[PDB]
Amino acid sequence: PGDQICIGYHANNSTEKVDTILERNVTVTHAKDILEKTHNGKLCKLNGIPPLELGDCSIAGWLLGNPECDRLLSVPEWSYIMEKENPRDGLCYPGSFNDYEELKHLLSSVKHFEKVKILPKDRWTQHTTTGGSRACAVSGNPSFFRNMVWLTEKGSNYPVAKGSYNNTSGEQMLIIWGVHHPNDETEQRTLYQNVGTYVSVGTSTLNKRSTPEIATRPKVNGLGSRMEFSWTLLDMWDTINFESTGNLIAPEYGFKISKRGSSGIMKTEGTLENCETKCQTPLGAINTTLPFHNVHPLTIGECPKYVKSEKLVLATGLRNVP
């Protein structure tokens, strides 16, 4: 019976488990979990910059100036935009918004606008501009989208309406305009006096026209009439020309793109809380140094890479043997 040296290996009281191709549920002495599965359940500032919280307003409601969205008439730079799935306050006067999804996509790379009064309402001296609707009422009286101008007959006449704006603002500018599609001929006559009217818009690259369509339609927000909006990005130093014999809904303002960068519209019913993050998801903010997470695929900011995994655990130590 003599002396001994034995070779052996570490064991401990670790219960950490990993999988292999050949075996599952192996206990190891040390392991590294590389998957973040937690978040704080809140919508936060992103690097100290708050999101734009639309509340009950849609993108269209904001930019057109639905009177229910007046808190948004001037907003500071944002880090992302929060929009509800079905915002209540959009087109108060019913209708449509051409290339709307394209406009929202643009907003993914815009972090601020400066709203510029490009076509001041008071310069429409040959037309009435006080036009509004009970569908956009404020304090019981007819009103209208704050950023738009409904031109109507003045003194029983509607002369050719021409407005133009040269973009001297120093950046590309978003401009929206509309055409009013009445319910009937009496509406057309009372509002515009003219028939067979048109709305023409022209820049160096855009030439888009419209003839209003009179037709009885199902009532929405009380009206069978509609307003159809369109938009363009006016390049620096380019001019936009509006020309109409009736039915033009003119912009008073343009939105100069004043800051660009990676942003996004987050779909959420929630509200901004007093918290800070580098990584925001629609479910809540992530604070981790782990390389992967499984929280949500639609994240904004400096985030880990998303995977569908329930677990990602790397063995680092050896098989833990009793």
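Don't overthink the numbering: it's just position in the shown sequence, from 1.
Colleague: When the C-alpha temperature factors are averaged for each of 224-232 and 85-93, which stretch ends up with the higher value in the entry?
Modeller: Looking at the recorded C-alpha B-factors, 85-93 comes out higher on average.
Colleague: Which is higher on average in the deposited entry, the C-alpha temperature factors of 270-278 or of 58-66?
Modeller: So the stretch with the higher mean C-alpha B-factor is 270-278.
Colleague: Checking the entry, which one of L73, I176, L248, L191 has the top C-alpha B factor?
Modeller: Of the options given, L191 has the highest CA B-factor in the PDB entry.
Colleague: Name the one of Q126, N166, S79, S204 with the greatest CA B-factor according to the PDB entry.
Modeller: So the option with the highest C-alpha B-factor is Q126.
Colleague: Going by the CA temperature factor in the PDB record, which third of the chain does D99 belong to: lowest, middle or highest?
Modeller: Answer is lowest: the recorded C-alpha B-factor places it there.
Colleague: Give the position of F145 by CA B-factor within its chain, expressed as the lowest, middle or highest third.
Modeller: For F145, whose C-alpha B-factor we compare with every modelled residue in the chain, the answer is the lowest third.
Colleague: Could you tell me which third, lowest, middle or highest, the C-alpha B-factor of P218 occupies within its chain?
Modeller: For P218, the deposited C-alpha B-factor lands in the middle third.
Colleague: Rank-wise, by C-alpha B-factor, drop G2 into the lowest, middle or highest third of its chain.
Modeller: It falls in the middle third of the chain.
Colleague: Lowest, middle or highest third of the chain for the C-alpha temperature factor of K256?
Modeller: Lowest third.
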